[PDB]
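S.K.: Pasting in a structure now, in structure tokens, and then I'll have a few things to ask.
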Protein chains: 2
Amino acid sequence: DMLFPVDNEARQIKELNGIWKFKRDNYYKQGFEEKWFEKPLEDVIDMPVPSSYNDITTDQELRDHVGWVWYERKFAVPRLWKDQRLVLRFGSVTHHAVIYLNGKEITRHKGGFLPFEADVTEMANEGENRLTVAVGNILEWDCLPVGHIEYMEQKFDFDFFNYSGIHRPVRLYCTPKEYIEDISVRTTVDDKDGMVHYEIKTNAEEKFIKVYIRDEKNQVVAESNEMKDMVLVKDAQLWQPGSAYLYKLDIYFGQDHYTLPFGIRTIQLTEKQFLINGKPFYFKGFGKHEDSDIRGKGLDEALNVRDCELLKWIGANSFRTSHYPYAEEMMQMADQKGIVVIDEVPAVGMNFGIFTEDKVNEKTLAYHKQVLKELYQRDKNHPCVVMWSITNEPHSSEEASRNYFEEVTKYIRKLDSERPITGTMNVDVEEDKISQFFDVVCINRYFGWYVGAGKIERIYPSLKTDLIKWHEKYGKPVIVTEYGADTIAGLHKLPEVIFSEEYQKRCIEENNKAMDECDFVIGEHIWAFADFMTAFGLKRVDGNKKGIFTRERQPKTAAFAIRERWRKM
Amino acid sequence: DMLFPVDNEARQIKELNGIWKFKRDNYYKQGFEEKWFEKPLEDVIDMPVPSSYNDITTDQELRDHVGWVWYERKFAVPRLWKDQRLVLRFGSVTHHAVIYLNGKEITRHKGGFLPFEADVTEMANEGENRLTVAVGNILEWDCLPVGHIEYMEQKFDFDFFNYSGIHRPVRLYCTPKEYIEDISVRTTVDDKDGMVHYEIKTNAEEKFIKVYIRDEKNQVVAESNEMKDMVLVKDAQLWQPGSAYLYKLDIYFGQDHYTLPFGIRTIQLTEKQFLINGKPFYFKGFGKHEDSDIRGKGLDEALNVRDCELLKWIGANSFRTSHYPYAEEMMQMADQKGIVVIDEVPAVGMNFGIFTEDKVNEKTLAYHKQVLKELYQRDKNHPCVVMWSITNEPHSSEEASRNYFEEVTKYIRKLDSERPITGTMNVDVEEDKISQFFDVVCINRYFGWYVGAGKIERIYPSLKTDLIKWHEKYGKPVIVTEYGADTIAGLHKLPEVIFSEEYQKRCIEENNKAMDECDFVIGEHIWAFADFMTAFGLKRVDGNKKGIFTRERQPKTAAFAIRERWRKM
Ligand SMILES: [Ca+2]
Ligand SMILES: [Ca+2]
């Protein structure tokens, strides 16, 4: 159960963000061994929430910390909340969490990009309470993303910096004691009329319920007293790429009230095309990252609006939540703005034998299924999500990866029968062993950068040849999910050279020429949207510089050429 | 009454931030004349709150908008708030506001940097309500900051971009119907003993009250049943620069409860020293701004923590709120971190005859006193505030300005008899006509930049001479409140040139040599803390580049030489 918290006459949200008190372990698990949670934290600094902690201070030891840190603040339960159900919700804690309330452990969570909560109805006191949160950043072979510890040094083979902290809002909220627990909505369209199938779960299934479907002007277009039903919406306003329309499932249950936005739209994959509402859709966009200056991966809604303005300005129609689920506020924004989304779990870093019993094994596999279940439960009702990505660049040349990903793909297909399934490729087409389980083949190709760096004339023939091989081996439509080139803003050269602004434009141009000659390509996603931070390395100039925009969300030269192309499509 | 809202067993806060709907006027006052507030806004975009609106979109017409824009969202009143007093608070609206609730005007406000509120107990409905806010950015001769309209173009003489929007949190909060309205605290010290003078004002003064003073471990150290009292704090932990201690005035009144943090510390001025708790204090720090990428002047608490970390790293002990009051969050942070603050009113831009019947006149004067009253009411109880600055660089060579600022200084002295009063100078010392009214003389001087650009060897003789003149004319201690040089990060040259990193360092050094030879100098504030945005001009390379740090809060070369000086001082 993970309905996004709401405010109305019956439910209320208390934000617990702001400035917390903060302290890091000075040796491994110092805070657990010394039971720091038993009393208020001492010798602390201020830390903002939501935000990563790595980039806030001037202290390299905190930036490079491996292990656990400790957050604490106080919150109040109002007298007016006397007989309500009380829930403490964490949008995320990266990567591992132990939650304490007034010195007592109340829940734990594993995985840094999905929300979790704890019912504290019978444990919070009226008035002041103390909330203590332990935050661990260690990744092992059974975490997603994958990593491992060497002797303590953290190892991993994904790009982005392993930021840690409380990256999403913390919320204490209240509901009545009999209440709506979960909602699932599915839609179909028969010519001009839409059919809304819904299922509502409550903790008193025998009690009366009233369910409205309201349109965008909030007028009732359908009505029912069933917990599960199938209601017709005549002349349905469809949710379309670039023109969102959102209905509302408005539910009254006893004293409870919940309103759920949703969209009516169909997805159908053909030979060679990706149909949305029966019309072909060509992905134009980026894989993104949750990353900006100072705050690391902290949610920043102002930055989120600026990014959507940028996506609109440049003619993009989609993005992929590259390498982990994003904040729901961004998923909600994509629903409202009509932006098409590929939603991805953090199965990244399964690459360098990786699929062995001592590394990525059945323990990893079972956790991977759990993350997919948690992702599906959070995002199942978003019309913006049109496809699930279950992995980014696994070492899928290994024979052992075949049974691994057949199992993951079949699990996600049972949870959701309506949305296509995918995963992104980096191994050579001849050696790949899993893409036959997918509905769409997604490839990350860096011709002109990681292959034949600087050789502009080799980009077009190399990509076209590889594209044709992927189509011929699997017979499915293809998206190029990553391609591009590192580019230092202000570095100009004539003739162009790698890292120059001119080279990034030409590299992308030549890849685009290959894709334009292939009738089976259904998308191009440039890597990356914006410069972002990476673990330190000699190929990373203060992070990954493949951004079309700088980290401060201003365009490099190539942005203007991309805009001309995407806007005339 | 402007007590900062609090959460406890009796009072509750609902934040109304997030993503609002937004639309600008297409001609002057269009929304007022078409009565847009009467129905939900149509043809809208998303706009984050808190944030400026100017740097969010890709649209030049909005960035440079002159006039009014319109914000709207919905909010809920829960059933559980049924019998409470309901208050809508705006931390600020820049510059002018008209607030509508369910299509009816409920308040207005002039002034972009101080909070205001509206009692909505009788007008808000249970459940859903519609909040509409018109936001105007026009500055006239009786506004602060000062500006004027020409033919529609906005003119002004201050040097920072005229960002507009809802820069600080919007809060709906509840209290009991009989409640604590205002609190004032003054402190004296007697050897090791504090005396806390307090005065509590309520909604029903004949009822009984309980007042505790609590230390930082929450332990009662004094107690009383009076609304107005002095209570002794023996072995009182003093609030010290760089080592803060905050007691809490904990007040119970009927069903109401309010806890006010405060500090015990004294201020005294001699003709050469600024004494805090009897010890000389030398100001080391910066005038700042509320400015960052994307969000303009929007509150960003993660940015505030990073700034305070950088102030600590560089050995700064103070800042001035150039040129307007900052968010209360930043004032609380200064209270907790032991940072000393010069608190400044937005009386900036009274420069180019300025003090004439048609420009800065009796209306400007009366408004100037009003903003000082409002600033005092908000910040009176902050130990971090050691001095009020009533103006920045007025054209105080005009004879007419004498009576103007005698009025202003008399007025603020009536509100606050303990804190020193000042205002910053740019006119020639021989021409000034007001600084005799101040307790400390503050001068903005840019020898090596605006006077004798590039002539390093003339900086030290020029500032020493000017300093001695200011001291000779007024016989008061002197703070140099601004000095420095524009500096493009990455610009290096040997020998150094203006705009280079090396020149900024040498220019500050030579100015510091002059100050080190003047015993009556009690502070040095470099301009600026961080690069910030200005109105467009040929001297402003994408804004003001006098930052010691970049706009993204990283140090230029001069930061490390400043740190060496300030950390060994
Ligand atoms: Ca969230
Ligand atoms: Ca505020």
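Naming works like this for the structure tokens: A, B, ... for the chains as they're shown, residue 1 at the start of each chain, ligands 1 onward in shown order.
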RMSD over all C-alpha atoms, chain A superposed on chain B in order?

M.R.: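 Computed value for the CA RMSD is 0.2 Å.
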
S.K.: So which residues touch segment 512-523 of chain B within 9 Å, counting only C-alpha atoms, skipping near sequence neighbours fewer than 6 positions away, as a count of residues only?

M.R.: 27

S.K.: For residue 43 of chain B, find every residue with an atom within 12 Å (counting only C-alpha atoms), except residues of its own chain fewer than 6 positions away, and show them as a ChimeraX atom specification.

M.R.: /B:21-25,36,70-72

S.K.: Output N, CA and C atoms for every residue in the selection just made, as a PDB file, in the first residue's frame.

M.R.:
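Output file out-v3.pdb is given in full below:
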ATOM      1  N   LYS B  21      -0.428  27.379 -10.035  1.00  0.00           N
ATOM      2  CA  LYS B  21      -0.718  27.844 -11.383  1.00  0.00           C
ATOM      3  C   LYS B  21      -0.406  29.336 -11.476  1.00  0.00           C
ATOM      4  N   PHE B  22      -0.115  29.794 -12.689  1.00  0.00           N
ATOM      5  CA  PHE B  22       0.533  31.084 -12.865  1.00  0.00           C
ATOM      6  C   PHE B  22       0.204  31.646 -14.232  1.00  0.00           C
ATOM      7  N   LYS B  23       0.004  32.953 -14.277  1.00  0.00           N
ATOM      8  CA  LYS B  23      -0.182  33.601 -15.557  1.00  0.00           C
ATOM      9  C   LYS B  23       0.101  35.085 -15.377  1.00  0.00           C
ATOM     10  N   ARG B  24       0.706  35.693 -16.387  1.00  0.00           N
ATOM     11  CA  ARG B  24       1.000  37.113 -16.340  1.00  0.00           C
ATOM     12  C   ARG B  24      -0.065  37.922 -17.069  1.00  0.00           C
ATOM     13  N   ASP B  25      -0.141  39.198 -16.704  1.00  0.00           N
ATOM     14  CA  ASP B  25      -0.881  40.179 -17.484  1.00  0.00           C
ATOM     15  C   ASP B  25      -0.262  40.369 -18.865  1.00  0.00           C
ATOM     16  N   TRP B  36     -10.013  38.510 -13.112  1.00  0.00           N
ATOM     17  CA  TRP B  36      -9.586  37.118 -13.214  1.00  0.00           C
ATOM     18  C   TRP B  36      -9.784  36.358 -11.910  1.00  0.00           C
ATOM     19  N   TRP B  70      -0.244  36.579 -11.807  1.00  0.00           N
ATOM     20  CA  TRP B  70      -1.311  35.946 -11.046  1.00  0.00           C
ATOM     21  C   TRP B  70      -0.927  34.519 -10.690  1.00  0.00           C
ATOM     22  N   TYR B  71      -1.031  34.190  -9.403  1.00  0.00           N
ATOM     23  CA  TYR B  71      -0.760  32.866  -8.857  1.00  0.00           C
ATOM     24  C   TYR B  71      -2.043  32.272  -8.302  1.00  0.00           C
ATOM     25  N   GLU B  72      -2.185  30.955  -8.402  1.00  0.00           N
ATOM     26  CA  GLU B  72      -3.365  30.319  -7.825  1.00  0.00           C
ATOM     27  C   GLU B  72      -3.079  28.877  -7.437  1.00  0.00           C
TER      28      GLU B  72
END

S.K.: Compare B:341, B:231, B:76, B:185 by their minimum atom-to-atom distance to chain A, counting only C-alpha atoms, and give me the closest one.

M.R.: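 Distance minimum relative to chain A lands on B:76.
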
S.K.: Could I get the residue neighbourhood of ligand 2 at 8 Å, counting only C-alpha atoms and all ligand atoms, as a list in words?

M.R.: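 For ligand 2, the residues inside 8 Å are residues 90, 91, 92, 115, 168, 169, 327, 328 and 329 of chain B.
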
S.K.: Hey, list the chain B side of the contact with chain A: 8 Å cut-off, only C-alpha atoms, answer as a JSON list (two decimals) with C-alpha atoms, in the first residue's frame.

M.R.:
[["chain", "number", "residue", "atom", "x", "y", "z"],
["B", 7, "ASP", "CA", 3.95, 23.54, 15.74],
["B", 8, "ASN", "CA", 3.12, 22.09, 19.14],
["B", 9, "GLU", "CA", 0.24, 20.37, 20.93],
["B", 10, "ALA", "CA", -1.96, 23.49, 20.48],
["B", 11, "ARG", "CA", -0.85, 25.12, 17.21],
["B", 12, "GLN", "CA", -0.36, 23.59, 13.79],
["B", 13, "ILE", "CA", 1.16, 24.73, 10.49],
["B", 14, "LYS", "CA", 0.06, 23.71, 7.00],
["B", 15, "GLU", "CA", 2.59, 24.58, 4.29],
["B", 18, "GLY", "CA", 4.75, 23.23, -4.03],
["B", 19, "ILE", "CA", 3.61, 24.03, -7.57],
["B", 46, "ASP", "CA", 3.30, 25.88, -13.53],
["B", 47, "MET", "CA", 5.32, 28.02, -11.16],
["B", 48, "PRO", "CA", 7.14, 26.79, -8.03],
["B", 49, "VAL", "CA", 6.59, 28.50, -4.69],
["B", 51, "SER", "CA", 10.84, 31.14, -6.03],
["B", 56, "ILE", "CA", 12.14, 29.69, -14.47],
["B", 57, "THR", "CA", 10.91, 29.88, -18.08],
["B", 58, "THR", "CA", 12.60, 30.16, -21.47],
["B", 75, "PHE", "CA", -5.97, 24.37, -0.16],
["B", 76, "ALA", "CA", -7.98, 22.32, 2.33],
["B", 77, "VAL", "CA", -9.22, 23.05, 5.85],
["B", 78, "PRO", "CA", -9.56, 19.73, 7.70],
["B", 79, "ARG", "CA", -12.65, 18.86, 9.73],
["B", 80, "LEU", "CA", -10.33, 18.65, 12.74],
["B", 81, "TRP", "CA", -9.64, 22.42, 12.60],
["B", 126, "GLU", "CA", -14.08, 23.26, 5.45],
["B", 127, "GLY", "CA", -12.52, 21.25, 2.66],
["B", 128, "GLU", "CA", -11.40, 22.93, -0.56],
["B", 293, "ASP", "CA", 20.52, 30.09, -9.91],
["B", 294, "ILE", "CA", 17.06, 29.20, -11.31],
["B", 295, "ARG", "CA", 14.97, 30.39, -8.35],
["B", 301, "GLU", "CA", 17.51, 26.24, 3.05],
["B", 302, "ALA", "CA", 20.08, 23.84, 1.58],
["B", 303, "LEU", "CA", 21.77, 26.89, 0.06],
["B", 305, "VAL", "CA", 23.40, 25.77, 5.22],
["B", 306, "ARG", "CA", 26.08, 25.72, 2.52],
["B", 309, "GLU", "CA", 29.42, 26.35, 6.20],
["B", 310, "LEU", "CA", 31.38, 28.65, 3.87],
["B", 313, "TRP", "CA", 35.30, 27.89, 6.63],
["B", 552, "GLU", "CA", 27.30, 28.13, -7.32]]

S.K.: Which residues are near residue 435 of chain B? Cut-off 10 Å, only C-alpha atoms, ignore same chain within fewer than 5 positions. Put them as a ChimeraX atom specification.

M.R.: /B:396,402,405-406,422-425,429,440-442,470,473-474,476

S.K.: Restricting it to N, CA, C and O atoms, dump the selection as an mmCIF file, in the first residue's frame.

M.R.:
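File produced: result.cif:
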data_model
loop_
_atom_site.group_PDB
_atom_site.id
_atom_site.type_symbol
_atom_site.label_atom_id
_atom_site.label_comp_id
_atom_site.auth_asym_id
_atom_site.auth_seq_id
_atom_site.Cartn_x
_atom_site.Cartn_y
_atom_site.Cartn_z
ATOM 1 N N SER B 396 23.023 61.441 0.273
ATOM 2 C CA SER B 396 22.987 62.201 1.517
ATOM 3 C C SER B 396 23.850 63.471 1.482
ATOM 4 O O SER B 396 24.168 64.030 2.538
ATOM 5 N N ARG B 402 18.960 65.807 5.254
ATOM 6 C CA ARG B 402 19.255 65.933 6.683
ATOM 7 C C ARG B 402 18.012 65.685 7.531
ATOM 8 O O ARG B 402 17.996 64.797 8.395
ATOM 9 N N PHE B 405 16.531 61.958 7.323
ATOM 10 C CA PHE B 405 17.145 60.894 8.101
ATOM 11 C C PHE B 405 17.216 61.211 9.589
ATOM 12 O O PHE B 405 17.368 60.289 10.390
ATOM 13 N N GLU B 406 17.088 62.478 9.986
ATOM 14 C CA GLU B 406 16.884 62.751 11.403
ATOM 15 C C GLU B 406 15.559 62.164 11.870
ATOM 16 O O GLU B 406 15.481 61.546 12.936
ATOM 17 N N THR B 422 22.773 52.593 12.100
ATOM 18 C CA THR B 422 23.749 53.009 11.089
ATOM 19 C C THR B 422 23.080 53.069 9.722
ATOM 20 O O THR B 422 21.870 52.879 9.583
ATOM 21 N N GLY B 423 23.896 53.352 8.709
ATOM 22 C CA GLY B 423 23.475 53.422 7.322
ATOM 23 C C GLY B 423 24.736 53.612 6.513
ATOM 24 O O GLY B 423 25.691 54.222 7.009
ATOM 25 N N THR B 424 24.772 53.092 5.290
ATOM 26 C CA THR B 424 26.007 53.033 4.527
ATOM 27 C C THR B 424 26.137 54.234 3.599
ATOM 28 O O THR B 424 25.153 54.688 3.001
ATOM 29 N N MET B 425 27.369 54.729 3.477
ATOM 30 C CA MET B 425 27.697 55.930 2.722
ATOM 31 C C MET B 425 28.335 55.593 1.385
ATOM 32 O O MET B 425 29.187 54.707 1.295
ATOM 33 N N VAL B 429 32.925 62.300 1.886
ATOM 34 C CA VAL B 429 32.827 62.618 3.314
ATOM 35 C C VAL B 429 32.598 64.109 3.517
ATOM 36 O O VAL B 429 31.873 64.524 4.429
ATOM 37 N N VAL B 440 27.436 54.219 14.439
ATOM 38 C CA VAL B 440 28.596 53.711 13.722
ATOM 39 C C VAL B 440 28.528 54.255 12.300
ATOM 40 O O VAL B 440 27.454 54.280 11.686
ATOM 41 N N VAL B 441 29.667 54.712 11.783
ATOM 42 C CA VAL B 441 29.761 55.178 10.405
ATOM 43 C C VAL B 441 30.163 53.996 9.536
ATOM 44 O O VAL B 441 31.147 53.302 9.829
ATOM 45 N N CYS B 442 29.377 53.726 8.493
ATOM 46 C CA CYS B 442 29.672 52.659 7.522
ATOM 47 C C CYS B 442 29.857 53.265 6.146
ATOM 48 O O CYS B 442 28.972 53.995 5.671
ATOM 49 N N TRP B 470 36.754 60.334 7.503
ATOM 50 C CA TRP B 470 35.462 59.955 8.082
ATOM 51 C C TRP B 470 35.527 59.976 9.607
ATOM 52 O O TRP B 470 34.597 60.449 10.277
ATOM 53 N N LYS B 473 35.729 63.575 10.818
ATOM 54 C CA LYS B 473 34.502 64.353 10.683
ATOM 55 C C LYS B 473 33.484 63.990 11.759
ATOM 56 O O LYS B 473 32.785 64.870 12.269
ATOM 57 N N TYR B 474 33.385 62.712 12.133
ATOM 58 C CA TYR B 474 32.299 62.282 13.009
ATOM 59 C C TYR B 474 32.747 61.666 14.330
ATOM 60 O O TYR B 474 31.915 61.530 15.234
ATOM 61 N N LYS B 476 33.376 58.687 15.282
ATOM 62 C CA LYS B 476 32.730 57.419 15.566
ATOM 63 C C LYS B 476 33.534 56.274 14.961
ATOM 64 O O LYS B 476 34.277 56.472 13.991
#

S.K.: As a PDB file with N, CA and C atoms, in the first residue's frame, please: every residue in segment 141-348 of chain B that DSSP puts in helix (DSSP H, G or I).

M.R.:
ATOM      1  N   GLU B 301      16.875  26.528   1.775  1.00  0.00           N
ATOM      2  CA  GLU B 301      17.515  26.240   3.048  1.00  0.00           C
ATOM      3  C   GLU B 301      18.779  25.420   2.865  1.00  0.00           C
ATOM      4  N   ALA B 302      18.827  24.544   1.855  1.00  0.00           N
ATOM      5  CA  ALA B 302      20.078  23.842   1.584  1.00  0.00           C
ATOM      6  C   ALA B 302      21.166  24.835   1.208  1.00  0.00           C
ATOM      7  N   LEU B 303      20.821  25.827   0.384  1.00  0.00           N
ATOM      8  CA  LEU B 303      21.772  26.888   0.058  1.00  0.00           C
ATOM      9  C   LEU B 303      22.196  27.670   1.297  1.00  0.00           C
ATOM     10  N   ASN B 304      21.264  27.906   2.230  1.00  0.00           N
ATOM     11  CA  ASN B 304      21.612  28.635   3.451  1.00  0.00           C
ATOM     12  C   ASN B 304      22.617  27.863   4.302  1.00  0.00           C
ATOM     13  N   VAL B 305      22.430  26.550   4.454  1.00  0.00           N
ATOM     14  CA  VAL B 305      23.397  25.772   5.224  1.00  0.00           C
ATOM     15  C   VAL B 305      24.763  25.823   4.555  1.00  0.00           C
ATOM     16  N   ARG B 306      24.801  25.642   3.225  1.00  0.00           N
ATOM     17  CA  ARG B 306      26.079  25.716   2.518  1.00  0.00           C
ATOM     18  C   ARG B 306      26.729  27.076   2.720  1.00  0.00           C
ATOM     19  N   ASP B 307      25.937  28.156   2.681  1.00  0.00           N
ATOM     20  CA  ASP B 307      26.520  29.479   2.882  1.00  0.00           C
ATOM     21  C   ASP B 307      27.128  29.595   4.279  1.00  0.00           C
ATOM     22  N   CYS B 308      26.408  29.112   5.301  1.00  0.00           N
ATOM     23  CA  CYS B 308      26.912  29.196   6.672  1.00  0.00           C
ATOM     24  C   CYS B 308      28.165  28.327   6.856  1.00  0.00           C
ATOM     25  N   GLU B 309      28.196  27.146   6.233  1.00  0.00           N
ATOM     26  CA  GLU B 309      29.423  26.350   6.197  1.00  0.00           C
ATOM     27  C   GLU B 309      30.579  27.124   5.570  1.00  0.00           C
ATOM     28  N   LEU B 310      30.304  27.910   4.523  1.00  0.00           N
ATOM     29  CA  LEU B 310      31.381  28.653   3.866  1.00  0.00           C
ATOM     30  C   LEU B 310      31.812  29.851   4.700  1.00  0.00           C
ATOM     31  N   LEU B 311      30.862  30.491   5.385  1.00  0.00           N
ATOM     32  CA  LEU B 311      31.200  31.573   6.306  1.00  0.00           C
ATOM     33  C   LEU B 311      32.095  31.072   7.433  1.00  0.00           C
ATOM     34  N   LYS B 312      31.805  29.877   7.946  1.00  0.00           N
ATOM     35  CA  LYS B 312      32.636  29.253   8.966  1.00  0.00           C
ATOM     36  C   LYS B 312      34.010  28.896   8.408  1.00  0.00           C
ATOM     37  N   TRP B 313      34.035  28.264   7.232  1.00  0.00           N
ATOM     38  CA  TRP B 313      35.300  27.885   6.629  1.00  0.00           C
ATOM     39  C   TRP B 313      36.205  29.093   6.442  1.00  0.00           C
ATOM     40  N   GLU B 328      13.195  34.747   7.631  1.00  0.00           N
ATOM     41  CA  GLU B 328      13.365  34.496   9.060  1.00  0.00           C
ATOM     42  C   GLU B 328      14.161  33.226   9.309  1.00  0.00           C
ATOM     43  N   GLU B 329      14.016  32.223   8.431  1.00  0.00           N
ATOM     44  CA  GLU B 329      14.821  31.003   8.509  1.00  0.00           C
ATOM     45  C   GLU B 329      16.310  31.320   8.596  1.00  0.00           C
ATOM     46  N   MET B 330      16.781  32.276   7.785  1.00  0.00           N
ATOM     47  CA  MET B 330      18.189  32.675   7.847  1.00  0.00           C
ATOM     48  C   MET B 330      18.517  33.394   9.151  1.00  0.00           C
ATOM     49  N   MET B 331      17.564  34.151   9.702  1.00  0.00           N
ATOM     50  CA  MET B 331      17.812  34.811  10.984  1.00  0.00           C
ATOM     51  C   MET B 331      17.863  33.799  12.128  1.00  0.00           C
ATOM     52  N   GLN B 332      16.979  32.792  12.101  1.00  0.00           N
ATOM     53  CA  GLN B 332      17.039  31.708  13.084  1.00  0.00           C
ATOM     54  C   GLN B 332      18.359  30.949  12.991  1.00  0.00           C
ATOM     55  N   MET B 333      18.789  30.625  11.767  1.00  0.00           N
ATOM     56  CA  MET B 333      20.073  29.954  11.574  1.00  0.00           C
ATOM     57  C   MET B 333      21.228  30.774  12.146  1.00  0.00           C
ATOM     58  N   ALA B 334      21.221  32.089  11.923  1.00  0.00           N
ATOM     59  CA  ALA B 334      22.249  32.935  12.524  1.00  0.00           C
ATOM     60  C   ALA B 334      22.174  32.892  14.045  1.00  0.00           C
ATOM     61  N   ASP B 335      20.953  32.857  14.595  1.00  0.00           N
ATOM     62  CA  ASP B 335      20.786  32.729  16.045  1.00  0.00           C
ATOM     63  C   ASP B 335      21.429  31.440  16.549  1.00  0.00           C
ATOM     64  N   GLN B 336      21.200  30.331  15.844  1.00  0.00           N
ATOM     65  CA  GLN B 336      21.706  29.038  16.286  1.00  0.00           C
ATOM     66  C   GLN B 336      23.198  28.864  16.033  1.00  0.00           C
ATOM     67  N   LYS B 337      23.747  29.501  15.002  1.00  0.00           N
ATOM     68  CA  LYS B 337      25.149  29.293  14.665  1.00  0.00           C
ATOM     69  C   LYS B 337      26.070  30.326  15.294  1.00  0.00           C
TER      70      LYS B 337
END

S.K.: Neighbouring residues of residue 526 of chain A were defined as those with any atom within 7 Å, considering only C-alpha atoms; residues of the same chain fewer than 5 positions away were excluded. Please report them as a PyMOL selection string.

M.R.: chain A and resi 285-287+481-484

S.K.: If you count only C-alpha atoms, which residues fall within 8 Å of residue 241 of chain B, apart from same-chain ones fewer than 4 positions away, as number ranges by chain?

M.R.: B: 317, 338-340
